[PDB]
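Engineer: So that you have it, the file is model.txt, and it contains compact mmCIF, C-alpha atoms:
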# COMPACT_ATOMS: atom_id res chain seq x y z
CA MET A 1 3.50 -17.32 18.52
CA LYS A 2 6.30 -15.58 20.44
CA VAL A 3 7.65 -16.18 23.95
CA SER A 4 7.71 -13.30 26.43
CA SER A 5 10.21 -14.10 29.18
CA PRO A 6 9.22 -13.05 32.71
CA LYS A 7 10.29 -9.94 34.55
CA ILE A 8 11.25 -11.19 38.03
CA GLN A 9 11.31 -8.91 41.05
CA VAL A 10 12.16 -10.09 44.55
CA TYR A 11 11.49 -7.89 47.57
CA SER A 12 10.07 -7.80 51.08
CA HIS A 13 6.80 -6.23 52.28
CA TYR A 14 8.64 -4.19 54.92
CA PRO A 15 12.29 -3.06 54.97
CA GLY A 16 14.39 -6.23 55.35
CA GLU A 17 15.56 -5.60 58.92
CA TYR A 18 17.22 -8.68 60.45
CA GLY A 19 15.26 -10.52 63.13
CA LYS A 20 11.93 -8.96 62.13
CA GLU A 21 8.89 -10.89 60.87
CA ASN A 22 8.33 -9.95 57.24
CA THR A 23 6.97 -11.24 53.93
CA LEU A 24 9.18 -12.35 51.06
CA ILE A 25 7.60 -11.50 47.71
CA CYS A 26 8.45 -12.58 44.18
CA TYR A 27 6.52 -10.69 41.49
CA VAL A 28 6.70 -12.42 38.12
CA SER A 29 5.23 -10.38 35.27
CA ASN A 30 5.17 -9.64 31.53
CA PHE A 31 5.28 -13.32 30.51
CA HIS A 32 3.68 -15.56 27.85
CA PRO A 33 2.74 -18.41 27.58
CA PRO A 34 1.16 -18.86 31.06
CA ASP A 35 2.71 -22.18 32.18
CA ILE A 36 5.40 -21.37 34.73
CA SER A 37 7.16 -22.61 37.88
CA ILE A 38 7.88 -20.19 40.74
CA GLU A 39 9.58 -21.25 43.98
CA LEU A 40 10.88 -19.25 46.94
CA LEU A 41 14.16 -20.52 48.42
CA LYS A 42 15.96 -20.29 51.74
CA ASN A 43 19.65 -21.17 51.36
CA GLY A 44 18.81 -22.95 48.09
CA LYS A 45 16.01 -25.06 49.62
CA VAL A 46 12.34 -24.69 48.59
CA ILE A 47 10.30 -22.90 51.29
CA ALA A 48 7.08 -24.74 52.15
CA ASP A 49 3.63 -23.11 52.45
CA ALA A 50 4.40 -20.33 49.94
CA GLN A 51 1.24 -18.71 48.54
CA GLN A 52 0.69 -18.02 44.84
CA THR A 53 -1.90 -15.72 43.25
CA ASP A 54 -4.37 -17.03 40.67
CA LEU A 55 -3.44 -16.70 37.01
CA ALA A 56 -4.32 -13.29 35.60
CA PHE A 57 -3.08 -10.88 32.93
CA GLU A 58 -3.00 -7.16 32.20
CA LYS A 59 -3.87 -5.05 29.18
CA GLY A 60 -1.44 -6.21 26.50
CA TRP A 61 -2.27 -9.82 27.48
CA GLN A 62 0.94 -10.69 29.35
CA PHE A 63 0.54 -12.74 32.54
CA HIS A 64 1.58 -11.90 36.10
CA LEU A 65 1.85 -13.93 39.30
CA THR A 66 2.89 -13.20 42.86
CA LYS A 67 4.49 -15.78 45.13
CA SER A 68 4.95 -14.89 48.79
CA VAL A 69 5.71 -16.45 52.18
CA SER A 70 6.37 -15.32 55.76
CA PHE A 71 10.08 -14.96 56.58
CA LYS A 72 12.40 -13.55 59.22
CA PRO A 73 15.68 -12.59 57.50
CA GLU A 74 18.89 -13.15 59.48
CA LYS A 75 22.56 -12.44 58.68
CA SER A 76 23.61 -15.95 57.64
CA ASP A 77 20.56 -16.72 55.46
CA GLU A 78 20.10 -16.23 51.70
CA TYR A 79 16.67 -15.89 50.06
CA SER A 80 15.89 -16.20 46.36
CA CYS A 81 13.16 -16.78 43.80
CA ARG A 82 13.62 -19.46 41.15
CA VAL A 83 11.49 -19.13 38.03
CA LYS A 84 11.18 -21.76 35.28
CA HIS A 85 9.46 -20.60 32.08
CA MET A 86 9.59 -22.70 28.90
CA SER A 87 13.10 -24.19 29.16
CA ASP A 88 14.62 -21.21 31.01
CA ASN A 89 15.73 -21.42 34.64
CA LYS A 90 16.42 -18.17 36.49
CA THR A 91 17.23 -17.52 40.15
CA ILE A 92 17.07 -14.00 41.59
CA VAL A 93 18.59 -13.40 45.05
CA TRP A 94 16.69 -11.09 47.42
CA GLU A 95 18.47 -7.77 48.02
CA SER A 96 17.55 -6.19 51.38
CA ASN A 97 18.51 -2.58 50.47
CA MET A 98 19.58 -2.45 54.15
CA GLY B 2 -14.58 7.41 43.34
CA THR B 3 -14.23 5.49 40.08
CA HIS B 4 -14.69 1.73 40.29
CA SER B 5 -14.39 -1.13 37.84
CA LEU B 6 -15.53 -4.71 37.29
CA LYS B 7 -13.37 -6.92 35.05
CA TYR B 8 -13.18 -10.55 33.99
CA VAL B 9 -10.09 -12.21 32.55
CA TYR B 10 -10.42 -15.66 30.96
CA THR B 11 -7.42 -17.84 30.03
CA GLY B 12 -7.77 -20.85 27.76
CA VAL B 13 -4.86 -23.20 27.10
CA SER B 14 -4.69 -26.09 24.66
CA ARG B 15 -2.26 -28.95 25.30
CA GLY B 16 -0.86 -27.85 28.69
CA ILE B 17 -0.37 -29.94 31.86
CA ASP B 18 0.51 -27.56 34.75
CA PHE B 19 -2.50 -25.26 34.22
CA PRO B 20 -6.18 -26.14 33.50
CA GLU B 21 -7.88 -25.83 30.10
CA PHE B 22 -9.82 -22.79 31.31
CA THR B 23 -9.23 -20.26 34.08
CA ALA B 24 -11.42 -17.26 34.94
CA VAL B 25 -10.63 -14.46 37.41
CA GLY B 26 -13.01 -11.62 38.32
CA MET B 27 -11.82 -8.34 39.81
CA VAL B 28 -13.27 -5.19 41.32
CA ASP B 29 -10.77 -2.29 41.20
CA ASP B 30 -8.20 -4.84 39.98
CA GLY B 31 -8.57 -6.88 43.17
CA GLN B 32 -9.67 -10.48 42.68
CA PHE B 33 -13.06 -11.47 44.13
CA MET B 34 -13.82 -14.61 42.05
CA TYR B 35 -11.99 -17.68 40.71
CA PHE B 36 -13.01 -20.51 38.34
CA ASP B 37 -11.13 -23.28 36.60
CA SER B 38 -12.02 -26.32 34.48
CA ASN B 39 -10.37 -28.74 36.94
CA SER B 40 -12.63 -27.88 39.89
CA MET B 41 -15.50 -26.79 37.58
CA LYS B 42 -16.64 -24.47 40.37
CA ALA B 43 -16.75 -20.69 40.72
CA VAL B 44 -15.65 -19.60 44.20
CA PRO B 45 -15.49 -16.37 46.30
CA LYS B 46 -12.13 -14.70 46.94
CA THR B 47 -13.03 -11.78 49.27
CA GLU B 48 -14.88 -11.42 52.59
CA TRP B 49 -17.24 -8.83 51.07
CA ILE B 50 -18.53 -11.20 48.35
CA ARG B 51 -18.79 -14.09 50.87
CA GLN B 52 -20.93 -12.01 53.23
CA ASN B 53 -23.29 -10.82 50.51
CA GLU B 54 -23.84 -13.66 48.03
CA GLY B 55 -24.31 -17.38 48.54
CA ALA B 56 -25.11 -20.73 46.92
CA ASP B 57 -27.62 -19.42 44.34
CA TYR B 58 -25.19 -16.76 43.07
CA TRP B 59 -22.25 -19.17 42.84
CA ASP B 60 -24.30 -21.95 41.19
CA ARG B 61 -25.27 -19.43 38.49
CA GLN B 62 -21.68 -18.22 38.08
CA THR B 63 -20.44 -21.82 37.90
CA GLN B 64 -22.99 -22.55 35.16
CA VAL B 65 -21.96 -19.49 33.09
CA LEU B 66 -18.28 -20.45 33.31
CA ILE B 67 -18.80 -24.15 32.49
CA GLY B 68 -20.39 -22.73 29.32
CA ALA B 69 -17.41 -20.38 28.82
CA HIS B 70 -15.01 -23.34 29.11
CA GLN B 71 -16.95 -25.29 26.46
CA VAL B 72 -16.95 -22.25 24.10
CA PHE B 73 -13.23 -21.60 24.74
CA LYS B 74 -12.38 -25.21 23.84
CA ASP B 75 -14.28 -24.86 20.56
CA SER B 76 -12.86 -21.40 19.82
CA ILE B 77 -9.16 -22.23 20.32
CA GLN B 78 -9.56 -25.29 18.05
CA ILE B 79 -10.84 -23.02 15.26
CA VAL B 80 -8.15 -20.30 15.49
CA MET B 81 -5.22 -22.80 15.68
CA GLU B 82 -6.38 -24.37 12.41
CA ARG B 83 -6.54 -20.93 10.77
CA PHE B 84 -2.89 -20.25 11.66
CA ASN B 85 -2.04 -23.79 10.48
CA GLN B 86 -0.92 -24.89 13.95
CA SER B 87 -1.95 -28.47 14.76
CA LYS B 88 0.81 -29.01 17.33
CA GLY B 89 2.14 -27.33 20.48
CA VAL B 90 0.66 -25.23 23.28
CA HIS B 91 -1.59 -22.32 22.31
CA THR B 92 -3.61 -19.79 24.29
CA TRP B 93 -6.94 -18.01 23.91
CA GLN B 94 -7.76 -15.01 26.09
CA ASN B 95 -10.74 -12.78 26.78
CA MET B 96 -10.85 -9.68 28.95
CA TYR B 97 -13.93 -7.54 29.38
CA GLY B 98 -15.31 -5.14 31.92
CA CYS B 99 -16.94 -1.87 32.81
CA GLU B 100 -16.07 1.24 34.77
CA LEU B 101 -18.27 3.59 36.66
CA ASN B 102 -16.92 7.12 37.11
CA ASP B 103 -18.26 9.62 39.76
CA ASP B 104 -20.46 11.54 37.33
CA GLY B 105 -22.24 8.31 36.74
CA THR B 106 -20.66 8.02 33.34
CA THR B 107 -19.63 4.59 32.28
CA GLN B 108 -16.98 2.97 30.06
CA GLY B 109 -16.50 -0.62 28.93
CA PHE B 110 -14.34 -2.90 26.79
CA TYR B 111 -14.48 -6.40 25.27
CA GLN B 112 -11.34 -7.99 23.78
CA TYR B 113 -9.90 -11.34 22.68
CA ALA B 114 -6.33 -12.51 21.95
CA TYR B 115 -4.74 -15.57 20.42
CA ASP B 116 -1.26 -16.53 21.66
CA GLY B 117 -1.18 -13.21 23.54
CA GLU B 118 -1.80 -11.05 20.46
CA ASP B 119 -4.93 -9.00 19.58
CA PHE B 120 -7.51 -11.04 17.67
CA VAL B 121 -10.84 -9.13 17.82
CA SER B 122 -11.85 -6.05 19.85
CA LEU B 123 -15.29 -4.55 20.37
CA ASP B 124 -16.04 -1.08 19.12
CA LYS B 125 -19.31 -0.51 21.01
CA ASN B 126 -19.87 2.86 19.30
CA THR B 127 -20.15 1.35 15.80
CA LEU B 128 -21.31 -2.09 17.02
CA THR B 129 -18.52 -3.75 15.05
CA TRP B 130 -15.53 -5.97 15.79
CA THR B 131 -12.04 -4.81 14.90
CA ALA B 132 -10.10 -7.73 13.42
CA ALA B 133 -6.34 -7.54 14.07
CA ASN B 134 -5.40 -9.98 11.29
CA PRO B 135 -6.92 -11.82 8.28
CA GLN B 136 -7.55 -14.88 10.51
CA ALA B 137 -9.83 -12.76 12.70
CA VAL B 138 -11.89 -11.38 9.78
CA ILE B 139 -13.99 -14.57 9.44
CA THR B 140 -14.92 -14.16 13.14
CA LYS B 141 -15.71 -10.46 12.60
CA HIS B 142 -18.29 -11.32 9.89
CA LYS B 143 -19.80 -14.23 11.85
CA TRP B 144 -20.16 -12.13 15.01
CA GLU B 145 -21.65 -9.17 13.14
CA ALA B 146 -24.28 -11.54 11.64
CA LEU B 147 -25.05 -12.96 15.11
CA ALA B 148 -25.36 -9.48 16.73
CA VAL B 149 -22.60 -10.32 19.24
CA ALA B 150 -21.53 -6.65 19.54
CA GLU B 151 -25.07 -5.67 20.48
CA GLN B 152 -25.28 -8.35 23.20
CA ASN B 153 -21.86 -7.43 24.57
CA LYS B 154 -22.68 -3.69 24.59
CA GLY B 155 -25.95 -4.49 26.40
CA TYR B 156 -24.02 -6.46 29.02
CA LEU B 157 -21.31 -3.81 29.47
CA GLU B 158 -23.62 -0.80 29.79
CA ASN B 159 -26.34 -2.46 31.86
CA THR B 160 -25.73 -5.84 33.52
CA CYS B 161 -22.03 -5.15 34.26
CA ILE B 162 -22.71 -1.71 35.80
CA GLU B 163 -25.72 -2.97 37.79
CA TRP B 164 -23.55 -5.65 39.41
CA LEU B 165 -20.56 -3.34 39.85
CA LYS B 166 -22.83 -1.01 41.87
CA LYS B 167 -23.85 -3.97 44.07
CA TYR B 168 -20.21 -5.03 44.60
CA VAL B 169 -19.14 -1.49 45.50
CA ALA B 170 -21.85 -1.39 48.20
CA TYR B 171 -20.88 -4.87 49.47
CA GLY B 172 -17.20 -3.91 49.73
CA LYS B 173 -17.52 -0.15 50.30
CA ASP B 174 -15.25 0.10 53.33
CA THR B 175 -12.54 -2.02 51.67
CA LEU B 176 -12.84 -0.46 48.21
CA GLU B 177 -12.89 3.14 49.50
CA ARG B 178 -10.07 2.59 52.01
CA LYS B 179 -7.22 5.11 52.27
CA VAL B 180 -4.17 3.60 53.97
CA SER B 181 -1.10 5.82 54.37
CA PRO B 182 2.38 4.54 53.41
CA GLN B 183 4.81 3.30 56.04
CA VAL B 184 8.03 5.08 55.09
CA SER B 185 11.67 4.27 55.87
CA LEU B 186 15.09 5.52 54.72
CA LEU B 187 17.43 2.63 54.03
CA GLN B 188 21.17 2.43 53.54
CA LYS B 189 23.46 -0.59 53.29
CA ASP B 190 26.72 1.26 53.93
CA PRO B 191 27.46 4.85 55.05
CA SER B 192 29.03 5.45 51.61
CA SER B 193 26.28 3.68 49.65
CA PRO B 194 23.08 5.02 48.02
CA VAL B 195 20.06 5.85 50.19
CA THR B 196 16.68 4.24 49.47
CA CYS B 197 13.36 5.84 50.40
CA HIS B 198 10.96 2.90 50.79
CA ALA B 199 7.17 3.32 51.01
CA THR B 200 4.94 0.32 51.73
CA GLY B 201 1.45 -0.77 52.80
CA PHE B 202 -0.48 1.97 51.06
CA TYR B 203 -3.79 2.01 49.18
CA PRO B 204 -4.83 3.32 46.63
CA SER B 205 -1.74 2.66 44.51
CA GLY B 206 -0.84 6.23 43.44
CA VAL B 207 2.18 7.57 45.37
CA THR B 208 4.71 10.37 44.81
CA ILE B 209 8.25 9.95 46.14
CA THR B 210 10.65 12.86 45.81
CA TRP B 211 14.01 13.95 47.11
CA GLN B 212 14.91 17.39 48.40
CA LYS B 213 18.27 19.04 48.93
CA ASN B 214 18.28 21.86 51.44
CA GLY B 215 14.52 22.24 51.10
CA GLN B 216 14.43 22.30 47.30
CA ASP B 217 13.41 19.55 44.91
CA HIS B 218 16.38 17.50 43.77
CA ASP B 219 16.05 15.50 40.55
CA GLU B 220 19.70 14.54 39.91
CA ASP B 221 21.05 11.05 40.80
CA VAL B 222 17.52 9.80 41.52
CA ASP B 223 16.26 6.35 40.54
CA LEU B 224 12.50 5.90 41.01
CA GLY B 225 11.44 2.26 41.34
CA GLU B 226 8.30 0.72 39.87
CA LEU B 227 4.99 0.41 41.70
CA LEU B 228 4.95 -3.10 43.19
CA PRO B 229 2.20 -5.22 44.73
CA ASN B 230 2.34 -6.52 48.26
CA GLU B 231 0.81 -9.90 49.20
CA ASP B 232 -2.23 -8.37 50.94
CA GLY B 233 -3.66 -5.99 48.31
CA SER B 234 -1.56 -3.02 49.43
CA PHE B 235 1.30 -1.56 47.40
CA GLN B 236 4.89 -0.44 47.75
CA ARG B 237 7.37 1.77 45.86
CA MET B 238 10.87 3.08 46.43
CA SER B 239 13.28 5.72 45.16
CA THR B 240 17.06 5.61 45.41
CA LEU B 241 19.37 8.62 45.71
CA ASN B 242 22.97 8.12 44.64
CA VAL B 243 24.96 11.12 45.79
CA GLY B 244 28.17 10.58 47.74
CA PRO B 245 28.56 10.37 51.53
CA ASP B 246 30.26 13.78 51.18
CA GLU B 247 27.27 15.35 49.41
CA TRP B 248 25.08 13.90 52.16
CA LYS B 249 27.43 15.30 54.84
CA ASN B 250 27.57 18.83 53.39
CA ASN B 251 23.85 19.24 52.69
CA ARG B 252 20.42 18.52 54.17
CA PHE B 253 18.85 15.81 52.03
CA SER B 254 15.41 14.40 52.74
CA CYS B 255 12.82 12.12 51.13
CA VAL B 256 9.22 13.26 50.75
CA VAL B 257 6.44 10.69 50.26
CA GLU B 258 3.05 12.05 49.19
CA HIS B 259 -0.15 9.98 49.27
CA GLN B 260 -3.76 11.21 49.36
CA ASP B 261 -2.71 14.92 49.66
CA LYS B 262 -0.61 14.18 52.76
CA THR B 263 3.18 14.08 53.07
CA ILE B 264 5.70 12.16 55.18
CA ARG B 265 9.35 13.34 55.32
CA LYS B 266 12.44 11.35 56.32
CA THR B 267 15.93 12.78 56.94
CA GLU B 268 19.47 11.50 57.69
CA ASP B 269 18.41 11.08 61.34
CA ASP B 270 15.97 8.39 60.17
CA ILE B 271 18.39 6.20 58.19
CA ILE B 272 18.32 2.53 59.17
CA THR B 273 20.72 -0.27 58.25
CA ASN B 274 21.61 -3.89 58.97
CA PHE B 275 24.98 -4.67 60.64
CA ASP B 276 24.99 -0.92 61.41
CA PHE C 1 -21.40 -11.20 37.41
CA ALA C 2 -19.89 -12.74 34.27
CA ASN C 3 -21.54 -12.36 30.86
CA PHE C 4 -23.98 -15.28 30.44
CA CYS C 5 -23.77 -15.23 26.62
CA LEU C 6 -20.68 -16.45 24.72
CA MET C 7 -20.41 -17.33 21.03
CA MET C 8 -17.59 -19.41 19.52
CA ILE C 9 -15.33 -17.56 17.06
Could you render the structure from this file as structure tokens?
Structural biologist:
Amino acid sequence: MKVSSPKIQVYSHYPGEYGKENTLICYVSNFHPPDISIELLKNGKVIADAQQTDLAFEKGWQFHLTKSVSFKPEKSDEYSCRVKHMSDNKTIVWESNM
Amino acid sequence: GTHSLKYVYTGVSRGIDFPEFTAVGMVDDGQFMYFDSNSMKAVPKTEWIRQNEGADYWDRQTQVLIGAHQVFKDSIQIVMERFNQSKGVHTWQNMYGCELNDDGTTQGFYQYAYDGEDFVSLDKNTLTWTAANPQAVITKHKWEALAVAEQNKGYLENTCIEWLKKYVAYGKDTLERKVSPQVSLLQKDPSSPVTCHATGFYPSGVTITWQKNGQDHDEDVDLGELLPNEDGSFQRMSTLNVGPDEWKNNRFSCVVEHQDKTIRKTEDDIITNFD
Amino acid sequence: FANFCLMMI
């Protein structure tokens, strides 16, 4: 048995223009074993009503999940995805590219 | 077009957060079915399956997967003992499926893994099971005595394809959809790199390129990975890192190609926050 | 439709 730690990618459906309705997406992939915690955060607080895909895996057997929620990014707000796999605890801040 | 039907089963021993057994079914890698051992019920995940199958279909699928759960419980117990692992969380996986190409030719696969590593794989040409390790060899011999390869080949080449054809007809408009990318040019700062962002497209294949003065430019380019959106569409981006001076002195553009059609963005299109 | 027939390893 070997652990495969998740690749974690945080992005928006559309370009992250301020004041525009959008979708915040955290794609968590390439991980084993399957038990995992994924949470989307606004200013460090868990965002309610986030949607998570059902557990699946690709060729090579590693698992992937997508967590997403509606959001409207503004100047003073920080968004992030916190992933807990095994005993690891990672937080990736959303970069707007804009 | 080519289409595929695939099932992915996940079995876990000793976990809390996840169920003992989870099954997902996909057409063209889009989920249409879910089952787990907590609900003990197979359920629809797309409008096209909902509109075209009902209680009888789902009762039958539920029954098959209750059986799969039972077999997965028994199987994982056996393999753990063979690796001398009586403690801790372990996983047992199965993926199988079929593809139908345009010529009406078909392909199929049937594979199992223990703790995310190959255990046995079907060779449906020789009707044998490839064992990845000594622990799998006992299974290889048992399955070859029980004609498991033959059954699995029968399923893949007949039953699987018959149902795939039905699903493709049910979901034709969705499965054959061609949605063009929405394309933007992004920049955080006038001196910063420029990102060509393409989103909302299906199928997933997209080509993003950069041009300088009407010629392909491959220097200082960083092509991002294909990424899934939340709604079954896809996105991808490429980033050009030349200086604001190189941008000033030349005519750079991004070209996004999808389904034999191209969209071009230039400096006049660049958007930014704060501005 | 899932394969009806499964055998334990």
Engineer: Enumerate, in order of chain and increasing residue number, the residues of chain A with an atom no farther than 10 Å from chain B, each with its shortest atom pair and distance in Å to one decimal, counting all atoms listed in the file, as a Markdown table.
Structural biologist:
| residue | atom | partner | partner_atom | distance |
| --- | --- | --- | --- | --- |
| A:1 | CA | B:116 | CA | 5.8 |
| A:2 | CA | B:116 | CA | 7.7 |
| A:3 | CA | B:116 | CA | 9.2 |
| A:4 | CA | B:117 | CA | 9.3 |
| A:9 | CA | B:228 | CA | 8.9 |
| A:11 | CA | B:228 | CA | 9.2 |
| A:12 | CA | B:230 | CA | 8.3 |
| A:13 | CA | B:230 | CA | 6.0 |
| A:14 | CA | B:200 | CA | 6.6 |
| A:15 | CA | B:198 | CA | 7.4 |
| A:16 | CA | B:274 | CA | 8.4 |
| A:17 | CA | B:274 | CA | 6.3 |
| A:18 | CA | B:274 | CA | 6.7 |
| A:23 | CA | B:231 | CA | 7.9 |
| A:24 | CA | B:231 | CA | 8.9 |
| A:25 | CA | B:231 | CA | 7.1 |
| A:26 | CA | B:230 | CA | 9.5 |
| A:27 | CA | B:229 | CA | 7.7 |
| A:31 | CA | B:117 | CA | 9.5 |
| A:32 | CA | B:117 | CA | 6.9 |
| A:33 | CA | B:92 | CA | 7.3 |
| A:34 | CA | B:19 | CA | 8.0 |
| A:35 | CA | B:18 | CA | 6.4 |
| A:36 | CA | B:18 | CA | 7.9 |
| A:37 | CA | B:18 | CA | 8.9 |
| A:51 | CA | B:231 | CA | 8.8 |
| A:52 | CA | B:231 | CA | 9.2 |
| A:53 | CA | B:231 | CA | 8.8 |
| A:54 | CA | B:25 | CA | 7.5 |
| A:55 | CA | B:23 | CA | 7.4 |
| A:56 | CA | B:9 | CA | 6.6 |
| A:57 | CA | B:9 | CA | 7.1 |
| A:58 | CA | B:9 | CA | 8.7 |
| A:59 | CA | B:96 | CA | 8.4 |
| A:60 | CA | B:117 | CA | 7.6 |
| A:61 | CA | B:117 | CA | 5.3 |
| A:62 | CA | B:117 | CA | 6.7 |
| A:63 | CA | B:117 | CA | 9.2 |
| A:66 | CA | B:231 | CA | 7.4 |
| A:67 | CA | B:231 | CA | 8.0 |
| A:68 | CA | B:231 | CA | 6.5 |
| A:69 | CA | B:231 | CA | 8.7 |
| A:74 | CA | B:274 | CA | 9.7 |
| A:75 | CA | B:275 | CA | 8.4 |
| A:96 | CA | B:189 | CA | 8.4 |
| A:97 | CA | B:189 | CA | 6.0 |
| A:98 | CA | B:189 | CA | 4.4 |
Engineer: Report as a list in words the set of chain C residues whose atoms approach chain B to within 6 Å, with distances computed over all atoms listed in the file.
Structural biologist: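 So the residues of chain C near chain B are residues 4, 8 and 9 of chain C.
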Engineer: Measure the distance from atom CA of residue B:123 to atom CA of residue C:7 in Å and round it to one decimal.
Structural biologist: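 It comes out at 13.8 Å.
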Engineer: What does the distance between atom CA of residue B:181 and atom CA of residue B:265 come to in Å, to one decimal place?
Structural biologist: 12.9 Å
Engineer: Quick one: pull the distance between atom CA of residue B:128 and atom CA of residue B:108, Å, one decimal.
Structural biologist: 14.6 Å
Engineer: Which is closer to residue A:50 than all the others in A:20, A:81, A:30, A:95, using all atoms listed in the file?
Structural biologist: A:81
Engineer: What's the 9 Å shell around residue B:125, counting only C-alpha atoms, without same-chain residues fewer than 2 positions away, as a PyMOL selection string?
Structural biologist: chain B and resi 109-111+123+127-130+150-151+153-154
Engineer: Contacts of residue B:219 at 12 Å or less, counting all atoms listed in the file, minus same-chain residues fewer than 3 places along, as a PyMOL selection string?
Structural biologist: chain B and resi 209-213+216+222-224+239-243+253+255
Engineer: Since the input is missing atoms, can you rebuild N, CA, C and O atoms for stretch 71-84 of chain A and write them as a CSV table (one decimal), in the frame of the given file?
Structural biologist:
chain,number,residue,atom,x,y,z
A,71,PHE,N,8.7,-14.7,56.3
A,71,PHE,CA,10.1,-15.0,56.6
A,71,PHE,C,10.6,-14.0,57.6
A,71,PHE,O,10.1,-12.9,57.8
A,72,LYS,N,11.7,-14.4,58.3
A,72,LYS,CA,12.4,-13.6,59.2
A,72,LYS,C,13.9,-13.6,58.8
A,72,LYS,O,14.6,-14.4,59.2
A,73,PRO,N,14.3,-12.6,58.0
A,73,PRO,CA,15.7,-12.6,57.5
A,73,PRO,C,16.7,-12.4,58.6
A,73,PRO,O,16.6,-11.6,59.5
A,74,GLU,N,17.8,-13.2,58.6
A,74,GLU,CA,18.9,-13.2,59.5
A,74,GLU,C,20.2,-13.1,58.7
A,74,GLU,O,20.2,-13.3,57.5
A,75,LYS,N,21.3,-12.7,59.3
A,75,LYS,CA,22.6,-12.4,58.7
A,75,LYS,C,23.1,-13.6,57.8
A,75,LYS,O,23.6,-13.3,56.7
A,76,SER,N,23.0,-14.8,58.3
A,76,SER,CA,23.6,-16.0,57.6
A,76,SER,C,22.7,-16.6,56.6
A,76,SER,O,23.1,-17.7,56.0
A,77,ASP,N,21.5,-16.1,56.4
A,77,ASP,CA,20.6,-16.7,55.5
A,77,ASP,C,20.4,-16.0,54.1
A,77,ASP,O,20.3,-14.8,54.1
A,78,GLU,N,20.3,-16.8,53.0
A,78,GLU,CA,20.1,-16.2,51.7
A,78,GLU,C,18.7,-16.6,51.2
A,78,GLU,O,18.3,-17.8,51.3
A,79,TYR,N,18.0,-15.6,50.7
A,79,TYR,CA,16.7,-15.9,50.1
A,79,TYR,C,16.7,-15.6,48.6
A,79,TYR,O,17.4,-14.7,48.1
A,80,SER,N,15.9,-16.3,47.8
A,80,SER,CA,15.9,-16.2,46.4
A,80,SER,C,14.6,-16.7,45.8
A,80,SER,O,13.8,-17.4,46.4
A,81,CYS,N,14.3,-16.3,44.5
A,81,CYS,CA,13.2,-16.8,43.8
A,81,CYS,C,13.6,-17.4,42.5
A,81,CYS,O,14.4,-16.8,41.7
A,82,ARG,N,13.3,-18.7,42.3
A,82,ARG,CA,13.6,-19.5,41.2
A,82,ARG,C,12.4,-19.6,40.2
A,82,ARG,O,11.4,-20.2,40.6
A,83,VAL,N,12.6,-19.1,39.0
A,83,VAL,CA,11.5,-19.1,38.0
A,83,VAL,C,11.9,-20.0,36.8
A,83,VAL,O,13.0,-19.8,36.2
A,84,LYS,N,11.0,-20.9,36.4
A,84,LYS,CA,11.2,-21.8,35.3
A,84,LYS,C,10.1,-21.6,34.3
A,84,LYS,O,8.9,-22.0,34.5
